[PDB]
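Taking it in order: structure first as structure tokens, then the write-up.
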Amino acid sequence: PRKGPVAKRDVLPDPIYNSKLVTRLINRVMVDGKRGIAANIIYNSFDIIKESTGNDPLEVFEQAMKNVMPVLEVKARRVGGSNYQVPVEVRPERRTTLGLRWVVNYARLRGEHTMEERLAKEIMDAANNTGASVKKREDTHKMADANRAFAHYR
Amino acid sequence: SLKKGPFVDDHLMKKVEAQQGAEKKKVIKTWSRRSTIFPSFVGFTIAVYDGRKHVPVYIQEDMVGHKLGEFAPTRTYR
Amino acid sequence: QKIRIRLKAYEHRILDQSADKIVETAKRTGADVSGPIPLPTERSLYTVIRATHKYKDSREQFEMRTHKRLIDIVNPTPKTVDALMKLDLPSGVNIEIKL
Amino acid sequence: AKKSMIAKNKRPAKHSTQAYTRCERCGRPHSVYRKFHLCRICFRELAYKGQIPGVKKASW
Amino acid sequence: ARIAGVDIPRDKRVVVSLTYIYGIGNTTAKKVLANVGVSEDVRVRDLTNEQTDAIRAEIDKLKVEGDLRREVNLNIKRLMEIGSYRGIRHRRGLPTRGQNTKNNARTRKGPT
Amino acid sequence: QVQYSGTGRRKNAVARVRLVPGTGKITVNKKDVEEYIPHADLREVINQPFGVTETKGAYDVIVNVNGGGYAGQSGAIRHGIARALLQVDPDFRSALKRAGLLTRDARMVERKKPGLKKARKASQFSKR
RNA sequence: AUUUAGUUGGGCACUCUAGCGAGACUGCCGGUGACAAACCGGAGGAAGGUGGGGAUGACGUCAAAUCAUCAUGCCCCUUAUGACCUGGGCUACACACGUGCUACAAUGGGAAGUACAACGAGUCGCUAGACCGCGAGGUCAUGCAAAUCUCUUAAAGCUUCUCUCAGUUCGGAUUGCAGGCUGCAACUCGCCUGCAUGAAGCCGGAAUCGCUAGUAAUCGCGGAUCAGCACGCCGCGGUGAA
Ligand SMILES: [Zn+2]
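For the record, the sequence lines run as chains g, s, j, n, m and i.
The letter at position 107 of the first sequence is residue 108 when you use PDB author numbering, and the numbering goes up by one with no holes.
The letter at position 17 of the second sequence is residue 20 when you use PDB author numbering, and the numbering goes up by one with no holes.
The letter at position 58 of the third sequence is residue 61 when you use PDB author numbering, and the numbering goes up by one with no holes.
The letter at position 48 of the fourth sequence is residue 49 when you use PDB author numbering, and the numbering goes up by one with no holes.
The letter at position 8 of the fifth sequence is residue 9 when you use PDB author numbering, and the numbering goes up by one with no holes.
The letter at position 21 of the sixth sequence is residue 23 when you use PDB author numbering, and the numbering goes up by one with no holes.
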């Protein structure tokens, strides 16, 4: 915080596919100390995904991910005390963080009255580069290098 | 909420039955804040105390349900 | 057998030494004594706002505890019975002879 | 006025729903521990003086 | 028009739709249907012409009408025209217990 | 006869594990392990001791339990297993420690404090 | 071994209860360091580097607060500003603000089955059990001044079915009627139940608050004052993130 960086609390793998990413995604759906429900919508969404175009709940998942995880980011810094936003070389981990964040959040507004159809359709559309999360990453990369001229030698 | 019968204080009953023979005297001063209304009261004229002044009010028929305190309001707003 | 004694005080030293005394008065004459059985030690709680007019932030909470013991005996001879009847000390902890 | 009031309670009340609690040495009307019959502050202080058997400070 | 006084919807579930009519809550519908011996049927109601008459008969044994309001109206009328503090504050809306009104208008008038 | 024991504690819950040679099984309070447990597939959690020693069968488990929630005591059986396997061979404890799962998690609910709505929550507070 | 059961035999092994002890001290390893203090990593160990938490508040600042807990100089009332009783206030409502609770639903609404804590209260009080009324409850009776008996099988949880995106079966403010409890007495001015009616309200600007872990978020339990009345306050525990 002020002294120095701090530890990071790694998670356990999943009890079905044994994936650190799967657990790290189940956690980012839970709301208010209620977990089992999140696991249930995860598994049901996974089965729905594998149903139409059965390849894997994991492989198409990573496809959608690499479609999303960005490579730059505007980092507002007042080196000149002004509204300088300098493109930053985003770290490895925060990339996955933002992947999951955009996925879940922006999928929450997809709008299937059904419980988990929202997620499944979202990642299936992302793996094929259709959907605003893909547009979100491309917008981040289009605002980065939109001003890399005066914000790079820093 | 008193299903073991209603209630009116005795220093009003004896003072309201005492007219059942003849005509009624226009005045029955009281405290007038703990008594519901019984059928034996119709046609009287009871003044009602509001902590400040007694309020003279007659007795009609349908005005028989509630307690005595719902006619001299102690608020006086306006 | 047909006799036992409860203890309820605050400082454990007095309770424990009363325990030792009664065990002497029991296993002296006869035998078949039971040890100083511990017990759950009920506890209380209060909360006093540590001010006098305002500032309901500053709380000051107090407490109370009641250690307990328990001892039964078997085959009480007339000797130790009357020794119990005569033993009264200490006088900081309340005991009660009970069947 | 505390003297007329204190004298009030020592009598048997006019009706049963009238016998409330009030400290003995002091005379606070509110918040008297009806296990001790002390007010809030008087018990607070007297605890310091080592004159209530039992009560101490509670750290845990 | 439609089936009981007025106000019955189409393409719904039965027991829910029977609550719609003014004066029928939820217990009323279940007990009424009990006295016929029916069920949901189903989510688009497909009643038979005989069941309709059965319910039209069992309903006409209830004070609930498109007229329940007249009784309530006359009751608050008897109220407001004798004393009446309850009736007086019923010219301005206060209950059987009062609630120390310095917010209790946000449900009656939109005071702000 | 031969019987093996070991205890476990988590979040103020405690389970009294009992081990014996079998096929790989556990009867929680005379019930199948999938009864006491809800839906919970935190069963890899429970067999996780086995996934490192005596991999991954096969003994049986008698188990009593009381206290805490389900997740608490569920995690609290995990440690009777560790202690039992420890009873068998004191040649295993190194590979247990390196993989951990041997020391008692002392995290527990916090002693609250007067003046704060929760263990640390501070009430919203008007500035001016 | 046997019974409905740890009950009853049998036992004190375990669990737990609670006294006395034991244990964490940079104690040993490597390194950095002027060889010092200290610092980075290691073994062992349940915990490693003030292990986690609390109680504990220096000189003084602010003529901060308090003669209404109590005390007290001075000034004052004294057939009245002292005192007794009934009735009403402190609960008043065009309005402005601070703190909280319930919500705007599909991780949801309803219906049916299914398990798991912890802290404490109890003699004029906790009610067992059974009977009655759909309910708040009533009737007769049962133990308990206590690890025995009761409050009290905790609720979210887990398993099925129905409801389909609507001011909706969401929301239940408000109001009519009939009841229950304590109470000498519930209009002013109690808590709760049943029926009936069914408001605003579909995530909230400028602005602004809390929070670094068993925390935040969320769900229940208890008790202080107390015939009676808690969304407040004081404690406990369950689930469990970034
Ligand atoms: Zn006092």
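For each residue, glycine too, the CB sits at the ideal point set by N, CA and C.
Test item: CB-CB of residue i and residue j under 8 Å
i                      : j      : result
i/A60                  : i/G82  : no
j/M67                  : n/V56  : yes
g/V61                  : g/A133 : no
g/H142                 : g/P71  : yes
i/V54                  : i/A97  : yes
s/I49                  : s/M66  : no
i/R18                  : i/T29  : no
s/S35                  : s/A75  : yes
j/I100                 : j/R72  : no
g/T24                  : g/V32  : no
j/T32                  : j/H70  : no
residue 209 of chain g : g/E123 : Residue coverage of chain g in this structure runs from 2 to 155, which leaves residue 209 of chain g outside it and unanswerable.
m/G84                  : s/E64  : no
m/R90                  : m/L80  : no
j/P81                  : j/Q4   : no
i/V22                  : i/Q5   : yes
Beta-carbon proximity list for residue i, same chain, < 8 Å, skipping 5 on both sides
i     : result
j/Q64 : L48, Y49, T50 and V51
j/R62 : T50, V51, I52 and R53
g/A40 : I27
g/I42 : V30, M116, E117 and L120
g/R36 : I27
Proximity test, Cβ basis, 8 Å: residue i and chain j
i      : result
n/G51  : no
i/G117 : yes
n/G55  : yes
n/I42  : yes
n/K58  : yes
Contact with chain n by residue i, beta-carbon distance below 8 Å
i     : result
j/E14 : no
j/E63 : yes
Beta-carbon contacts of residue i that lie in its chain and below 7 Å, excluding the five residues immediately before and after
i     : result
m/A30 : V16, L19 and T20
Residue i (DSSP reduced to helix, strand or coil)
i      : result
n/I42  : helix
n/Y49  : helix
s/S4   : coil
j/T83  : helix
i/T9   : strand
m/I25  : coil
s/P42  : helix
m/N104 : coil
n/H16  : coil
s/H57  : strand
m/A35  : helix
j/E99  : strand
i/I28  : strand
i/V35  : helix
s/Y80  : coil
j/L10  : strand
g/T131 : coil
s/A50  : strand
Chain i contact for residue i (CB, 8 Å cutoff)
i      : result
g/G100 : no
j/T55  : no
j/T50  : yes
g/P16  : yes
j/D91  : no
j/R7   : no
Chain g contact for residue i (CB, 8 Å cutoff)
i      : result
i/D107 : no
i/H41  : yes
Residues near residue i in its chain [Cβ-Cβ closer than 6 Å; skip 5 each side]
i      : result
n/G28  : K3 and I7
g/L120 : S46 and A108
j/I98  : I8 and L10
n/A20  : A14
Contact with chain m by residue i, beta-carbon distance below 8 Å
i     : result
s/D65 : yes
s/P76 : yes
Min CB distance residue i to chain s below 8 Å
i     : result
m/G24 : no
Checklist entry - Can you list the beta strand (DSSP E) stretches of 3 or more residues lying completely in the region 47–77 of chain j, in chain order? => result Runs of the beta strand (DSSP E) inside the region 47–77 of chain j: 70–75.
Item to check | Whole alpha helix (DSSP H) elements within the region 35–111 of chain g, 4-residue minimum | outcome: Here the runs fully enclosed are 37–52, 60–67 and 93–109.
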